[PDB]
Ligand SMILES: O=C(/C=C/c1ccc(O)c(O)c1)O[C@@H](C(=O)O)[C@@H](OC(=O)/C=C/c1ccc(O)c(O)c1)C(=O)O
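This document opens with one chain alone, in structure tokens, the form deposited without the ligand.
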């Protein structure tokens, strides 16, 4: 509470589930994080290699398709986009692996 969801920072004391809800399949529900990342948030020891893909505020509003939806639950800013991985980075294969490790990982555990 108090901090708007989008400005929260997950850590061990206030983790991904607590800040952003349980992972799952539903449309506006987050799907990213294995058990380790869920429990640790930005305390995850490989967090920097994930965060390198997160957009600056400028890039979020510069790159994304932004929209607004007014529904019975309130007014929502929608966003969609895509960020290209740098295939010239020697760490590219590892980046693909790390991201894929967390995408839909929740399917494998309660």
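Residue numbers count along the first chain shown, from 1.
The protein also exists as the form solved in complex with the ligand; that form is not presented, and the subsequent description refers to it.
Participant: The ligand placed by superposing the site C-alphas onto its pose in the bound PDB entry: is the shown form open or blocked, blocked being 3 or more ligand atoms within 2.4 Å of backbone or C-beta?
Facilitator: Answer open: no ligand atom comes within 2.4 Å of backbone or C-beta.
Participant: Looking at the partner-bound form in the bound PDB entry, is residue 22 within 4.5 Å of the ligand by any heavy atom?
Facilitator: Yes, contact at 4.5 Å.
Participant: So, residue 95 and the ligand: in the bound PDB entry, are they within 4.5 Å at any heavy atom pair?
Facilitator: Residue-level check for residue 95: no, no contact with the ligand.
Participant: Just to confirm, residue 11 within 4.5 Å of the ligand in the bound PDB entry by heavy atoms?
Facilitator: No, residue 11 is distant from the partner.
Participant: Is residue 52 a contact residue for the ligand in the bound PDB entry, using a 4.5 Å heavy atom cut-off?
Facilitator: So residue 52 does not count as contacting the ligand.
Participant: Who in 76 to 110 is close to the ligand in the bound PDB entry, meaning a heavy atom within 4.5 Å?
Facilitator: Residues within 4.5 Å: 109, 110.
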